[PDB]
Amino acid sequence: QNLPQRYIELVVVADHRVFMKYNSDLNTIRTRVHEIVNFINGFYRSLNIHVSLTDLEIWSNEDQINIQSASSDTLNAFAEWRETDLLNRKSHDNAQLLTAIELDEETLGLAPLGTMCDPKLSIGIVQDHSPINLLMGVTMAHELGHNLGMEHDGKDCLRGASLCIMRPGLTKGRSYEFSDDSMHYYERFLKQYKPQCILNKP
């Protein structure tokens, strides 16, 4: 287990549909997100990654992109905007989108593989699908995981009593952990792609 200290500067963007859903109360969205970054961190402990929230942007007025049901299409719109608007203003390593649209083929999240630190592709879309901050943490941790070159595990993946975070579907539980495969998908990525943006302590 030779993994050096890495740091991710995360910016979560909450859409207009999220804004409406929590009765327009911003302090409610802030707290949820903050708790979620807390669960992510606990999961990434063994990987030696520390996830830091640099900015949380709530589209309280109007949606900056056309939020669609087709996950890959919204993924597309969010990439162009990250590059030309958010990254133009805020220096950040990764950007995740918190949408409340009921995603097409029952997709609860989507992110491209092995893309951490790419101007266009260092992103992910997470659907606000559970009132339990834990199942949302595993969700966002799952998508960040794909950014770090992690492929899926088996459906019957378990690590002790814990559920492997990189499973293809979401099963409810109380203990979730990353599998040895995930640790290996990341070890190779770090040596292969060698992400430059994740070394600075925020």
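All residue numbers refer to positions in the sequence shown, first residue = 1.
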* Structure fact -> Of 20-28 and 6-14, the stretch with the higher mean C-alpha B-factor in the deposited entry is 20-28
* Structure fact -> Assert higher mean C-alpha B factor (154-162 or 46-54, deposited values) equals 154-162
* In this PDB entry, which of 134, 67, 33, 140 has the top CA B-factor? -> 67
* For residue 40, return the chain-relative third of its C-alpha B-factor as stated in the PDB record: lowest, middle or highest. => middle
* Third assignment of residue 123 from its chain's C-alpha B-factors -> middle
* **Lowest, middle or highest third - CA B-factor, residue 102** => highest
* **Where the record places residue 88 (Cα B-factor, split into thirds across the chain)** => middle
* To do: Compare the C-alpha B factor of residue 116 with those of the other modelled residues in its chain, then answer lowest, middle or highest third.
  => middle
